[PDB]
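Protein chains in written order, with the entry's author numbering: chain A, 341 to 510; chain B, 5 to 510; chain C, 5 to 510; chain D, 341 to 510. The beta carbon of each residue, even a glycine, is placed where N, CA and C say it ideally should be. All remarks here apply to the structure that follows.
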Amino acid sequence: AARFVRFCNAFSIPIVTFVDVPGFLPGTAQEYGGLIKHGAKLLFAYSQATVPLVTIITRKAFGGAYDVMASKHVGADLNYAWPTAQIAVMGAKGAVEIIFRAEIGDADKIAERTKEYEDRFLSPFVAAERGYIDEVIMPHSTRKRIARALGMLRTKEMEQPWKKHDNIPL
Amino acid sequence: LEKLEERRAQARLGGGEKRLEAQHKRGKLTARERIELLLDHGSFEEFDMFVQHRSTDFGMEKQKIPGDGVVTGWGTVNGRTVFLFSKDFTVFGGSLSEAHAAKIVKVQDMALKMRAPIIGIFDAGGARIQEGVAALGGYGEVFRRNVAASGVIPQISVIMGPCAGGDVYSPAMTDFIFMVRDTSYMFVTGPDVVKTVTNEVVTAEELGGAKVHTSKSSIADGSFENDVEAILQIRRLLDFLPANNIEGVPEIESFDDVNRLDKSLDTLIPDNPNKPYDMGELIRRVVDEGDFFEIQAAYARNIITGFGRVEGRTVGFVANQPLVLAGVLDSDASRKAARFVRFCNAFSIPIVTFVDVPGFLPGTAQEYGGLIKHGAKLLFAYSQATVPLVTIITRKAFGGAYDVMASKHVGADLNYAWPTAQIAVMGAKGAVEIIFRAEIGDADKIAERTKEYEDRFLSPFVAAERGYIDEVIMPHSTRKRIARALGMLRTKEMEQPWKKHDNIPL
Amino acid sequence: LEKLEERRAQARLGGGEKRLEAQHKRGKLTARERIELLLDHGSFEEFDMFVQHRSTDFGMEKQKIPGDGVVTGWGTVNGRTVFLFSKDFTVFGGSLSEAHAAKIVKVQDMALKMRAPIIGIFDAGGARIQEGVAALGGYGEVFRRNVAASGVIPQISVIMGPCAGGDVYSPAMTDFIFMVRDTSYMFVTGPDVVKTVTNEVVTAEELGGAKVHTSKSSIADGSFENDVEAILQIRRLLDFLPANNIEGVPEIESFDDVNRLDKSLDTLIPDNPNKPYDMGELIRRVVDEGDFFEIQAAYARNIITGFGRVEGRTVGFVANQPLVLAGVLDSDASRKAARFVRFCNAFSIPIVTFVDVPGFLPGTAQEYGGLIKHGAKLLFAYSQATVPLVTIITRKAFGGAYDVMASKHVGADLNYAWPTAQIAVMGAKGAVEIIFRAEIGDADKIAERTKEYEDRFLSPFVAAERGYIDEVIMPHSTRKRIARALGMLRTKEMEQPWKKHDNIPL
Amino acid sequence: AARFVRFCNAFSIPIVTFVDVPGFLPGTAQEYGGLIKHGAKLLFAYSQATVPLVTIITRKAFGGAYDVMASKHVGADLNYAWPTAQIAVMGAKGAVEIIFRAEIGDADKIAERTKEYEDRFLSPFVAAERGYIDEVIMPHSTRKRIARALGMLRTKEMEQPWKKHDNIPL
Ligand SMILES: CC(C)(COP(=O)(O)OP(=O)(O)OC[C@H]1O[C@@H](n2cnc3c(N)ncnc32)[C@H](O)[C@@H]1OP(=O)(O)O)[C@@H](O)C(=O)NCCC(=O)NCCS
Ligand SMILES: *C(=O)CCCC[C@@H]1SC[C@@H]2NC(=O)N[C@@H]21
Ligand SMILES: *C(=O)CCCC[C@@H]1SC[C@@H]2NC(=O)N[C@@H]21
Ligand SMILES: *C(=O)CCCC[C@@H]1SC[C@@H]2NC(=O)N[C@@H]21
Ligand SMILES: *C(=O)CCCC[C@@H]1SC[C@@H]2NC(=O)N[C@@H]21
């Protein structure tokens, strides 16, 4: 994805992203293989681009992944979300086991806390209340929105400092 | 007022005496001690000492600690302005909240606007769960600023403790990462998740310790014995680098001589062609006082890269190392050298290269690993550079490799060769095997033809006759030539077309 | 999901049915109805419908209202993209908190990036006290963005209700301010402080009502009967303006002819030198269909400024007005015209000037008020402009005034003059009374000398004989010449030295 | 002040500001005179300048005035504050009259609320806790800090979009 995004950016081609990611792949294999830098490549390619970026969150966006995949904070122009999106720091079970580390033995209490956490926070509405999502749309309208959005976005112009070239990790 | 001095003195205490004593017991300094040690005496000016968090969920409102877990500010090192921030492990485990992120973004933006370097020191414990999605927002902004500053100001990161989860991405986009050899580790996902998912049991030290990341994964640029050594070495390095992408490299007065000769080099290369030799000795004989700041010393040891000084100016050096795997280029060496050369070119540092390469590494493993593109990265980096490039072909350059390692054809300005250089499409045996295929059965005729081809084509004078080599030099002269050459090349000026950016093969 | 639709229907209700009924009883529309009436049908895209405020002090946490008092988004007007926001009086009295400010800054930044016009509609109630110092931060960022966009995109503001306190600064730095005649008012400090400090009793309407600010203070560019008229006139105006400072003025197909002659103009100038005439008639005969959008019509009526169309292109018009104060130049007129010319120059709109001016206004009030600097403002504005400038001298041009009103000497490109023009240093009486000072003992000789001086020098032919006038034209052809001239001048290209910006007097 | 600031900015001279302002001047004479645009001139001049700006709050900074006088939000680079600074939306009396409008009848209750508000909120530490102030300094050190700050700020470099010229309110 990093190389594709760089090519699209070099020639001023707009980019559309569909996001459904639960996190990164765990295991010693990936770590010894250098997952850190390779993951950084995508963040770099996304954040430096000066063309229109439009993103649609469908189901899941957990943890640091929610940031590499063209979040509003790294330069996305428009962020929509379907009603089934779940934007949180991590899955509900793990979050409860971390916050309530003192009472990890009583089952029923843990299940009740999990249900409370899940219903309150695993939804697309808390992210919206802080203004990170531009609009929550009904799915059947998706095409029309893109078709409209890209139009207004054609004129994106923005200035940056003078560098010879960047120092992207390899 | 005295009330102000009391409040301030109590902010310098962080999370209390007990946590400071626990911190000291492990052999780790506190954030403020590191700040005091890195900068010149009496220069530290602090920003935003009293910031507090604003969350009100999960009982967080009952514990508001001033500082929010990070110490930030600016100062001077050797008279030159530097900005820096340091994470504090004793305050909420140095986790990352909204206000935390605000302080970091402020210091980063100010540092980019005024064009000065940035130092980040990491002693953190990751994302604060209680803050929910807001915390993620913080992360984003910090990442963004890093990318904006890359290739404009040099950014240095020092890992001095745990660093997990999303946090790790922030130093991965900086220029240099340094680690401490026993109280640090990096990973995206921790041991518990790994066990839950793959059923493999591993400890944090084995998964992401200093050894792993300095010898296998390519992430870290060096390791040091303890915090003090690390900080002093960072202060030594910082004096090499230009302050930004406009002003030249810093210059100091050198105590060495630009016209001295060194006879020992005439006997460096052995007569026997199967024996190796130590290239690092050559590099240390060529720099001013034998001072060489090596980068990634323990990873991909078939290639050497680092900083030295010539006539008071910083110069980068890249060299093949015969001592390991006969000096062949492979995926790891290509990636390492490509990233380093890109850095040197970005900030207009001249580059010297020492070449002794018999080819690429054979085997199915390399081929499945993608050697073609990792190999193309180095060629790309070398051919696009617009700074002075000087290369010395000490003992070998066979086939395609002679092209990737800064040949005259890909943009090298000056190319010397010692008398022992052997420049050819391939080794004598293979070449004669391919050419004279109708007579592969005999054994005397093949030897005769091999001797002829070797005596006529494995030498530097055929390369010189076509004008690919600018001059053949006696070994004992090497230093002087470089010292003169660079002097004339300072004014190199040349202009490319207009591109947004290149499309280097990632 | 139905539940999302219910959330939307509930967010669209603002602060309750009761407050909406009370709003309607005052004779005012609601925010969303204004947004609906401004934009083309079906084009409105809303941002951030669900944002809530985040204060928890002074009992504020018990009342969270979605939207936080502002509706923002973008749409199309006549096919061209526009951004906009509208403050909602029914939610916390339309006040300005942290999150409210975050939405406003988002929309301003995005509109600057895409280079599109911005419409702001103000119906506010000032600073929310319960938010404390944080409130101030909000205001600050908004101001900054205004200034960054000034001279890059046109910014129109419409005041349709109370707008007290520091918020007033935000619309004052925009290019146009429109007010509603019977329901709006603006002031920095309200009547209560005035009463407690100065002991004078004054109502809000008298202190800052529409009339005060459109007739005396120079703030407002016009007034309208009710909200519908104001919004439709904004829609009309938006068709004259360029979208940004790069592209040219919009063009439409005209129904008029470029070669028509106007016999009536032959009789516009009265025979008696003491009688005035109506310049507005002249202007409405030069424009294509007689459609003229007047700017600041009710302030400083001795000068006229506005927008028209010629051959399907926007053109700016400035003209002296004999009907009031004999057309002299005073402080007010000077400031009005100076700001208008600066705007027209910033977006590359051509300018046409009609001159009939005897001089400056004498009296001690003007001099104590600072007439020197205000008068210099207009000269500064005209002389520095690089757009095409076409000027027409109709009747009088005496003394220094003849030099500020787009003379050939200060950079005008073409200068015509009707046959009735009188261009001289000063009037016949005073000129003679000075040159023949030691002869004033008589009465008849002085009268004879006056007659001869009037006959010789008060004419347009001496100015032409010196070459300061390009052509003397007959009145009936005036329109045609303009239509031709402007055409040829479309390609004007000139370049000045490098300055950060001018130092215009204030 | 606006004219002086623009002149300073045109030739790249740094600016130091000392702030002690309780608000604007009330009355009919000023509003009939057109205070809104004249006061906006100063804000316009300060926000656009691209030279080092250093501000020192000594005693008071109330209300909208605190914004025009080179606040951190409109583009000031460094903000120091003495220990006696009072940064607030308005004076204690009027603030308490406004917040507790439904209980103004009393005279002891109002005094109690006034004392509480003044002690909690009229200080430089609430503004500092939000990061709007870079440091609370001891007065006798003031000169030294200025001398240091300006020394570093020589390299300030920033670029706006391409405009023919600004449109300052005349
Ligand atoms: C630093 C770390 C490796 C262990 O440090 P340690 O020296 O062995 O001591 P502890 O584990 O008891 O942690 C000490 C404090 O750091 C705090 N802390 C550390 N990381 C934190 C975080 N991301 N969020 C909140 N608090 C955190 C803990 O609250 C703890 O507080 P305490 O005084 O009540 O005990 C661990 O804290 C860490 O970095 N991540 C924990 C892994 C996780 O995310 N959840 C737990 C199981 S999934
Ligand atoms: C439940 O059993 C969850 C499985 C492990 C958590 C998942 S695996 C994929 C993601 N990786 C990670 O960091 N956690 C997520
Ligand atoms: C002798 O056995 C020759 C085999 C190796 C040939 C050399 S090793 C280094 C280079 N790799 C390659 O492809 N051929 C060269
Ligand atoms: C006739 O009596 C002449 C007196 C008036 C002079 C006129 S008023 C307009 C012009 N202003 C000026 O300086 N003198 C002219
Ligand atoms: C106290 O009783 C005075 C009321 C206003 C305080 C001062 S008077 C001048 C300034 N104008 C304003 O808005 N308040 C300030």
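- Using a Cβ-Cβ cut-off of 9 Å, B/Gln300 does not count as an interface residue toward chain A, since no Cβ of chain A sits closer than that to its own.
- For C/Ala421, the closest alpha carbon among the candidates C/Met478, C/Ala385 and C/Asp261 is that of C/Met478.
- B/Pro274 counts as exposed, since fewer than 16 other beta carbons sit within 10 angstroms of its beta carbon.
- The DSSP assignment places 195 to 202, 208 to 212, 214 to 219 and 231 to 242 as complete runs of the alpha helix (DSSP H) inside the region 189 to 243 of chain B, in order along the chain (cut-off: 4 residues).
- Under the 10 Å beta carbon count, C/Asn203 is surrounded by fewer than 16 other beta carbons and is classified as exposed.
- Taken atom to atom, the span from the alpha-carbon of A/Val436 to that of B/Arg58 is near 22 Å.
- Counted as a single uninterrupted DSSP element, the beta strand (DSSP E) harbouring C/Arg84 occupies residues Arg84 to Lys91.
- In the structure shown, C/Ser268 falls within a helical segment according to DSSP collapsed to helix, strand and coil.
- Exclusion of D/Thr398 from the 8 Å shell around ligand 5 follows from its C-beta lying no nearer than that to any non-hydrogen atom of the ligand.
- B/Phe259 sits in coil when the DSSP states are folded into three classes, being neither helix nor strand.
- By DSSP's assignment, B/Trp78 forms a beta bridge with B/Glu49 and B/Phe87.
- Between B/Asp336 and C/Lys110, the alpha-carbon positions lie close to 45 Å from each other.
- At a cut-off of 9 Å, the C-beta of A/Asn419 has no neighbouring C-beta in chain B.
- The beta carbons of B/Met190 and B/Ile163 sit about 6 Å from each other, so the pair counts as a contact at 8 Å.
- Interface flag for D/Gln388 against chain A is unset, since no Cβ pair is found closer than 9 Å.
- In the same chain as B/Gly374, and ignoring 5 residues on each side of it, the C-beta atoms closer than 8 Å to its own belong to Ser335, in chain order.
- In the same chain as A/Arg453, and ignoring 5 residues on each side of it, the C-beta atoms closer than 7 Å to its own belong to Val436 and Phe440, in chain order.
- A Cβ-Cβ contact shorter than 9 Å links C/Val81 with C/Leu242.
- Per DSSP, the continuous beta strand (DSSP E) segment holding B/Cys167 begins and ends at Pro166 to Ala168.
- Residue pairing from DSSP places B/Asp360 in a beta bridge opposite B/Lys400.
- Going by DSSP, D/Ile486 is part of the alpha helix (DSSP H) stretching over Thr482 to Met492.
- Taking 8 Å as the cut-off, one finds no heavy atom of ligand 4 near enough to the beta carbon of D/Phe461.
- Residue selection by CB proximity (closer than 7 Å to any heavy atom of ligand 4) returns C/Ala330, C/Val332, C/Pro362, C/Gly363, C/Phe364, C/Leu365, C/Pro366, C/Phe402, C/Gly403, C/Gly431, C/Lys433 and C/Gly434 in chain order.
- Secondary structure of B/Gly310 (DSSP, three-state): strand.
- Note on the region 123 to 170 of chain B: whole beta strand (DSSP E) runs with a minimum of 3 residues are 159 to 163 and 166 to 168, in chain order.
- Counting C-beta pairs closer than 8 Å gives three or more between the region 222 to 229 of chain B and the region 172 to 190 of chain B, which meets the contact rule.
- For the region 414 to 456 of chain B, the continuous alpha helix (DSSP H) assignments of 4+ residues that do not extend past its boundaries occur at 432 to 439, in sequence order.
- B/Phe228 and B/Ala234 have their alpha carbons spaced roughly 6 Å apart.
- For B/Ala26, the enclosing alpha helix (DSSP H) begins and ends at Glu21 to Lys29.
- Residue side-chain check: B/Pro175 keeps its Cβ at 8 Å or more from all non-hydrogen atoms of ligand 1.
- At least one heavy atom of ligand 2 falls within 8 Å of the beta-carbon of B/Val201.
- Residue burial is scored here from C-beta neighbours: A/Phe347 has fewer than 16 other C-beta atoms within 10 angstroms and is therefore classed as exposed.
- For A/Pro501, the nearest beta carbon of chain D is closer than 9 Å to its own beta carbon.
- Taken atom to atom, the span from the alpha-carbon of B/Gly31 to that of B/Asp171 is near 23 Å.
- Proximity of chain D to C/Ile163 at the Cβ level (cut-off 9 Å) is not reached, the minimal Cβ distance being about 12 Å.
- For C/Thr60, the secondary structure class from DSSP, reduced to helix, strand or coil, is coil.
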